[PDB]
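Summary of the model geometry
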Amino acid sequence: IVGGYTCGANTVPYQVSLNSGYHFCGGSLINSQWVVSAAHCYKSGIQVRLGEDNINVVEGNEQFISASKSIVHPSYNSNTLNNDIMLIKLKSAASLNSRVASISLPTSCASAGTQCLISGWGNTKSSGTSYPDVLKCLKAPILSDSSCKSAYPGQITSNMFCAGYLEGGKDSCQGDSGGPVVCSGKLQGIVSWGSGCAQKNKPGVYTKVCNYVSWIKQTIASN
Ligand SMILES: O[C@@H]1[C@@H](O)[C@@H](O)OC[C@H]1O
Ligand SMILES: O[C@@H]1[C@@H](O)[C@H](O)OC[C@H]1O
Ligand SMILES: [Ca+2]
């Protein structure tokens, strides 16, 4: 998160950390045993770290669960990042309380203009490198399909939307991938890609979760 703020410990209770010896992606808890993430975040040996604020300190509320199975979207294209969504099944059910909670899947797509919560442990600087130990939060509106398609010609599919600010200075960034974009209490986006971070006329590009509620729900009822 570039240009955001310190969320506060456990105030984003659906935010997870993907850990393979080190934080490498975010993810979003949607029920006690399933995390949704970015498909380009896929790797073998994933442990899912719930209840995290400082990812380099044990603080009192963590749950560490190994993945038992990962499902990259059947149609994920790593070249275009089209359909950048993946589901992770947890080996044991997380124990749900006020600091470890699932976030509701949409019944509707969020409209251009709607302001959302983007959170992650990604790089906080746009020209330079610096990674936080605590979770960082950004409120960013959704942007119109017509300025999204302009900012990134030939690259925006119906499976993506842009969210952010075209004057730059505020974005998600490397290390935020897999993580939530929440609007009106609905996991609407998944941190996916962009050109740099916090750059003018280059807003964050997010996987459009509402296209995948049918794929998510029928996957989760059969696995
Ligand atoms: O974003 C672009 C992607 O859509 C694809 O075309 O590969 C090149 C990238 O610049
Ligand atoms: O039991 C685990 C604890 O030992 C570890 O410190 O962090 C995750 C917990 O689930
Ligand atoms: Ca911790």
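Residues numbered from 1 in each chain as written, not as in the entry; some residues may be left out. Chains lettered and ligands numbered in written order. Heavy atoms only, no water.

Moving on, we get to the side chain of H23. Tracing the sequence through the fold places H23 in strand β3 (residues 23-31). Using a relative accessible area of 19% as the deciding quantity, one classes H23 as buried. Here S17 takes part through its side chain, which lies 3.1 Å from a polar atom of the side chain of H23. Of note is the side chain of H23, whose polar atom sits 3.1 Å from the backbone oxygen of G175. (Helix = DSSP H or I, 4+ residues; strand = E, 2+ residues; numbered from the N terminus. Buried < 20%, exposed > 50% of the residue type's maximum accessible area, 1.4 Å probe, protein only. Polar contact = N/O pair within 3.5 Å; in protein donor to acceptor, adjacent residues only side chain to side chain.)

Moving on, we get to the site of ligand 2. The immediate surroundings of ligand 2 are formed by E62, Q63 and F64. Here an oxygen atom of ligand 2 sits 3.1 Å away from a polar atom, N or O, in the main chain of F64. (Near = heavy atom within 4 Å.)

Moving on, we come to the environment of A94. Counting through the fold element by element, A94 comes out in the loop between β7 (86-90) and β8 (115-120). Contact partners of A94, with chain neighbours within four places excluded, come to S32, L50, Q63 and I65. (Contact = heavy atoms within 4.5 Å.)

Quick look at the UniProt feature "domain: Peptidase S1" in the protein now. UniProt marks residues 1-221 with the feature "domain: Peptidase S1", using the numbering shown here. Along residues 1-221, the helical share is 7% and the strand share 33%, with 33 Å between the first and last C-alpha atoms. (UniProt positions renumbered as here; feature names shortened; annotations may be inferred.)

As a further point, take the coordination of the calcium ion (ligand 3). Listed as protein donors to the calcium ion (ligand 3) are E52 (OE), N54 (O), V57 (O) and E62 (OE); their distances from the metal cover 2.2 to 2.4 Å. Since its relative accessible area comes to 40%, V57 is described here as partly exposed. (Donors = N, O, S within 2.8 Å, 3.2 Å for Na, K, Ca; no water.)

The next point concerns the state of the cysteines. Here the structure, examined in full by the defined rule, presents 6 disulfides. Disulfide pairing is shown between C173 and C197; the S-S distance is 2.0 Å. Its S-S torsion of about 85 degrees marks the bond between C173 and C197 as right-handed, since a negative value means left-handed. One end of the pair, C173, is in the loop between β10 (160-163) and β11 (180-183); the other, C197, is in the loop between β12 (186-193) and β13 (204-208), and 24 residues separate them in sequence. Assessed through its relative accessible area of 7%, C173 is described here as buried. Regarding the disulfides, the protein carries the connectivity 1-6, 2-3, 4-12, 5-10, 7-8, 9-11 under sequence-order numbering of its bonded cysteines. (Disulfide = S-S within 2.5 Å.)

Turning our attention to the sheet that holds β7. A barrel is described by the order of its strands in space; here 6 strands give the closed sequence β2-β3-β4-β7-β6-β5, paired in antiparallel fashion. Geometrically, the sheet is characterised by an average inter-axis angle of 40 degrees between neighbouring strands, direction not taken into account. One ladder, built from 5 bridges, connects strand β2 (residues 15-19) with β3; its direction is antiparallel. Residue pairing in the sheet places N19 in a bridge with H23 of β3. (Pairing = 2+ DSSP bridges. Axes fitted to C-alpha atoms, helices over the stretch in contact; angles between N-to-C directions.)

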